[PDB]
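K.L.:
Dropping the structure in here first, questions after.
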Amino acid sequence: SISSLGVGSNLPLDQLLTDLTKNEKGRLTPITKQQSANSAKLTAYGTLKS
Amino acid sequence: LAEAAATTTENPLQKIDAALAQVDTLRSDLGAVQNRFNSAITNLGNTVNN
């Protein structure tokens, strides 16, 4: 729950792990782009149907 | 150069239809190549990430 870190190290472990998580999440972006493009296409189809 | 026709053209509807068919064919090919290139780009993005 606490998720304390560096309690006895004094190294800046916390923000370091945060930066890790950021870079790791980096991997997910292309899937987001694909999803966005396809969703836009579906909305366009809806407009054409209207 | 564009010649001056001395007579009336026969069955021009057929010629116009042939031209339109040519255009439709070319458009079909161009769309196919567009789709090919888009798929290629997506593959390249995934590959570079990996």
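Labeling convention for the structure tokens: chains A, B, ... as they appear, residues from 1 per chain, ligands from 1 in order of appearance.
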Do me a favour and pick out the residues of chain B within 10 Å of chain A, using only C-alpha atoms, as a list in words.

P.N.:
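On the chain B side, the interface is residues 42, 45, 46, 49 and 50 of chain B.
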
K.L.:
Out of chain B, which residues get helix (DSSP H, G or I) from DSSP, as a ChimeraX atom specification?

P.N.:
/B:12-49

K.L.:
Do you know which residues are at most 7 Å from segment 14-17 of chain A counting only C-alpha atoms, after dropping those on the same chain fewer than 3 positions away, and could you put them as a PyMOL selection string?

P.N.:
chain A and resi 5+20-21

K.L.:
How far is it from atom CA of residue 41 of chain A to atom CA of residue 21 of chain B, in Å with one decimal?

P.N.:
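Atom CA of residue 41 of chain A sits 28.3 Å away from atom CA of residue 21 of chain B.
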
K.L.:
Any idea what the distance is between atom CA of residue 2 of chain B and atom CA of residue 24 of chain B?

P.N.:
25.2 Å

K.L.:
Please compute the atom CA of residue 44 of chain B-atom CA of residue 32 of chain A distance, one decimal, in Å.

P.N.:
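Taking atom CA of residue 44 of chain B as the start and atom CA of residue 32 of chain A as the end point, the length is 15.8 Å.
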